[PDB]
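Take a look at the structure below.
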Amino acid sequence: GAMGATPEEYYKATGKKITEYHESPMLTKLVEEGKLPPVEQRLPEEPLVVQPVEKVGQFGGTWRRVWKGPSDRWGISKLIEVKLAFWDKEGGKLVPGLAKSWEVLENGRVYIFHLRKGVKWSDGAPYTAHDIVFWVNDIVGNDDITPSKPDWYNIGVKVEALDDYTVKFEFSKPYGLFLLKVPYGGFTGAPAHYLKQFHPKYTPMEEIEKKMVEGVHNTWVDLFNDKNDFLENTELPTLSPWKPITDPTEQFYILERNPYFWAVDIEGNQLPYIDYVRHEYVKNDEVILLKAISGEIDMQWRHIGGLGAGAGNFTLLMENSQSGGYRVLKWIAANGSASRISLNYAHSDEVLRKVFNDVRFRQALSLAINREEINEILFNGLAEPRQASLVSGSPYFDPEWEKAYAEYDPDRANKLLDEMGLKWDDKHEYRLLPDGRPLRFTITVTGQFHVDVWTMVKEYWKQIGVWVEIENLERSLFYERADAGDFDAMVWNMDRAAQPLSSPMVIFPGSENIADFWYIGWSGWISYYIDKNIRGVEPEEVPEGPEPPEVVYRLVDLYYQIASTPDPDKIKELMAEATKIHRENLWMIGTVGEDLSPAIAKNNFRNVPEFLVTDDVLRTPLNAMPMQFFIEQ
């Protein structure tokens, strides 16, 4: 729902005081038996304050799910994860987490995070900024434990605890993108008080070897990673709302509430609401669907939401909601299109290149597409005729660009080609290029699904006299053709269209070390440009081939601005320009978008959002904030 950084801050915003703290009965029993300190002591001085999605919840219950065993690690992680600052629900802005407030200084060179005094790990030990430092220096920054470094660490970084409750990240140079890393990654750190006994920097190697077990831990790194394993190690102190109390190989993998969890309700209830969450090991997708349909799953999206793409599974989930005692949540995937196309704008054939770089040709090509129709037959009819951009419910969403030339207007396209001078042939069957060649090209795809999509577009484009055929190539040949520039047109999906900036290659040329298909031929010049202007220490050698439009060089400039600026006001304004550019030029021509990625929740399972966009970058379902889910009592 929403986050008050602090009870005081919640009060300042809302006029309501949290005057009293409450706890789950099972925890009250423990403190009465003398085995736990009381909630007032367990909580920090200033807990995170969480506003329910739906209503103030009730304590108790066991949340039944299903998983595919230890292999299915990240499904548990995405229930259990905690951040210094979380994504909001949509995915554009930071929201208080384990940090009550943060600070961006020296133009995105340094970041200060202010922690919450009195936060304790799940075993009772104090959580401090030293646990973060321990994590960045001695785990992430340790070559044995972590041989391959993360993006943000390869940019030079110095991390220090200014005091117990203040941590400072100082980068070499500015680095505005870091704010987008924090809601994704594990910057909350790790429990040094527990882990240092397994670390050679802090413990004599002889003492470490005495705790290794033969036939399992061959090196000390193996022991460390086993101990720092959130899934396997029941003894690992945690900041998560639940902790494992059974082995994941057992048929029931059980998480129990963390009695030191550091967030509360608007009414002062210490979260989570739910006491236990249990996953049953299951053998296959089909056991998952039968248990879902039978109302044996209290709430789940993970495997439900890939099956719900297929028409046979979605119908069945819907048909069974009533008997099953659950509802189907119409969450969407974060793809701007399930199947888009880009033409080869560096085409070797100079005649086709010219036709292809004419905006009007692309405008025409999209207008000839009956998206609504494609929806009905292939998608059944799910989900949304559009082209072909950032999906609805995303920070930088573009409503204009969603509509582009999205209409099914053949007469308008046909006309737009006539404007170009592409004259119809004598049999008025297809039209012709300036050299009298039949206007024809091949659409290159990989996968039977995409064949079907564009096989239908074969017809729609025939109505404007544009001749196409469809070649379906094996994955690796498809990619080798692409890197060689040996194609007329390439189709691909367009996922990661909610928060592009974690995977910016599709919107921004030269934002990553690999290019998207639509500008791949321009990679020579794009690399030459960035090297010259932005660095700006240039290369002495100029590359051959067609140079890109000036509007492409602009998209680069936008990205490198976005990369350097921290305040998300400026980002949203800068992304506006990018999406404007992509609007005026239609380098990607998609059909539809926003596949349904459904979840289910029992009728008595509450505080689950009706609508949601799902993506790995948003850590779905963390995006729904499961710490405040509850079961009616």
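Letters for chains follow the order of the structure tokens (A, B, ...), residue numbers begin at 1 for each chain, and ligand numbers begin at 1 in the order shown.
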Residue 509 in chain A surroundings by only C-alpha atoms, 9 Å radius, close-in-sequence under 5 positions cut, as a PyMOL selection string: chain A and resi 504+515-516+519-520+522-523+526+552-553+555-556+559
- request: as a ChimeraX atom specification, list the residues of range 306-356 of chain A assigned to alpha helix (DSSP H) by DSSP on the backbone atoms of this structure.
  value: /A:306-307,311-324,350-356
task: Tell me which protein, DNA and RNA residues are within 9 Å of residue 163 in chain A, counting only C-alpha atoms, leaving out same-chain ones fewer than 2 positions away, and put them as a list in words.
output: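 My list of contacting residues is residues 128, 129, 130, 160, 161, 165, 166 and 167 of chain A.
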Neighbour list for residue 585 in chain A as a PyMOL selection string, cut-off 10 Å, only C-alpha atoms, skip fewer than 5 positions in-chain: chain A and resi 357-360+362-363+404+551-552+579-580
- prompt: Just how far from CA of residue 171 in chain A is CA of residue 238 in chain A, in Å to one decimal?
  reply: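 We find that CA of residue 238 in chain A and CA of residue 171 in chain A lie 27.6 Å from each other.
In this comparison, which uses only C-alpha atoms, the residue of A:607, A:511, A:313, A:455 approaching residue 561 in chain A most closely is A:511.
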- prompt: Excluding same-chain residues fewer than 5 positions from range 386-394 of chain A, what lies within 7 Å of it counting only C-alpha atoms, as a count of residues only?
  reply: 22
query: In Å, with one decimal, what is the gap from CA of residue 621 in chain A to CA of residue 150 in chain A?
result: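 Distance between the two atoms: 23.5 Å.
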task: Calculate how many Å separate CA of residue 89 in chain A from CA of residue 623 in chain A, rounding to one decimal.
output: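 Straight-line distance from CA of residue 89 in chain A to CA of residue 623 in chain A works out to 5.5 Å.
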query: Using only C-alpha atoms, which of the listed residues (A:176, A:4, A:485, A:118) sits closest to residue 566 in chain A?
result: A:176
message: I'd like the neighbourhood of residue 62 in chain A as JSON, numbers by chain, where a residue qualifies if any of its atoms comes within 8 Å (using only C-alpha atoms), though same-chain residues fewer than 2 positions away should be ignored.
response: {"A": [60, 64, 274, 275, 276, 277, 278]}
Save the residues we just selected, N, CA and C atoms, as a short mmCIF file (atom, residue, chain, number, x, y, z; two decimals), in the first residue's frame?
```
data_model
loop_
_atom_site.label_atom_id
_atom_site.label_comp_id
_atom_site.auth_asym_id
_atom_site.auth_seq_id
_atom_site.Cartn_x
_atom_site.Cartn_y
_atom_site.Cartn_z
N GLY A 60 -2.43 -14.43 12.42
CA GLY A 60 -2.53 -15.87 12.50
C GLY A 60 -2.43 -16.55 11.16
N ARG A 64 -0.64 -21.52 2.66
CA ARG A 64 -0.30 -22.69 1.87
C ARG A 64 0.08 -22.32 0.45
N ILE A 274 0.70 -13.04 9.01
CA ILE A 274 0.69 -14.48 8.88
C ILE A 274 1.81 -15.13 9.70
N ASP A 275 1.46 -16.17 10.45
CA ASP A 275 2.39 -16.83 11.37
C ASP A 275 3.37 -17.74 10.63
N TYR A 276 2.85 -18.52 9.69
CA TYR A 276 3.64 -19.49 8.95
C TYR A 276 3.28 -19.48 7.48
N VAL A 277 4.26 -19.73 6.63
CA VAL A 277 3.99 -19.97 5.22
C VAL A 277 4.67 -21.28 4.85
N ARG A 278 3.87 -22.22 4.33
CA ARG A 278 4.36 -23.55 4.01
C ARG A 278 4.25 -23.86 2.53
#
```
Using 8 Å as the limit and counting only C-alpha atoms, can you tabulate each residue of range 522-624 of chain A that touches range 304-308 of chain A, with its shortest atom-to-atom distance in Å and the two atoms involved, as CSV?
```
residue,atom,partner,partner_atom,distance
A:596,CA,A:308,CA,7.0
A:597,CA,A:305,CA,4.4
A:598,CA,A:305,CA,4.7
A:599,CA,A:305,CA,5.8
A:600,CA,A:304,CA,7.7
```
What's around residue 107 in chain A at 9 Å? Count only C-alpha atoms, leave out sequence neighbours fewer than 4 positions away in its own chain, and write the answer as a tab-separated table (two decimals) with N, CA and C atoms, in the first residue's frame.
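Now in selection_31.tsv:
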```
chain	number	residue	atom	x	y	z
A	173	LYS	N	33.31	9.19	-8.97
A	173	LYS	CA	32.45	9.89	-9.95
A	173	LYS	C	30.96	9.82	-9.57
A	174	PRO	N	30.10	10.55	-10.31
A	174	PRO	CA	28.68	10.40	-10.05
A	174	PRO	C	28.10	9.10	-10.59
A	175	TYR	N	26.96	8.71	-10.03
A	175	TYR	CA	26.32	7.44	-10.36
A	175	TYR	C	24.86	7.44	-9.91
A	176	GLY	N	24.03	8.15	-10.66
A	176	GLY	CA	22.61	8.30	-10.34
A	176	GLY	C	21.82	7.01	-10.40
A	564	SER	N	23.43	9.92	-14.97
A	564	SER	CA	24.19	10.81	-14.10
A	564	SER	C	23.34	11.59	-13.09
A	565	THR	N	22.04	11.73	-13.36
A	565	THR	CA	21.15	12.50	-12.49
A	565	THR	C	20.36	11.58	-11.52
A	566	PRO	N	20.32	11.93	-10.21
A	566	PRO	CA	19.65	11.09	-9.20
A	566	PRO	C	18.16	11.37	-8.93
```
message: Given only C-alpha atoms as the basis, pick out the residue of A:41, A:240, A:370, A:172 nearest to residue 21 in chain A.
response: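 Looking only at the distances to residue 21 in chain A, the closest residue turns out to be A:41.
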query: Which residue gives the smallest distance to residue 530 in chain A among A:560, A:230, A:121, A:184, with only C-alpha atoms counted?
result: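 Result for the nearest residue to residue 530 in chain A: A:560.
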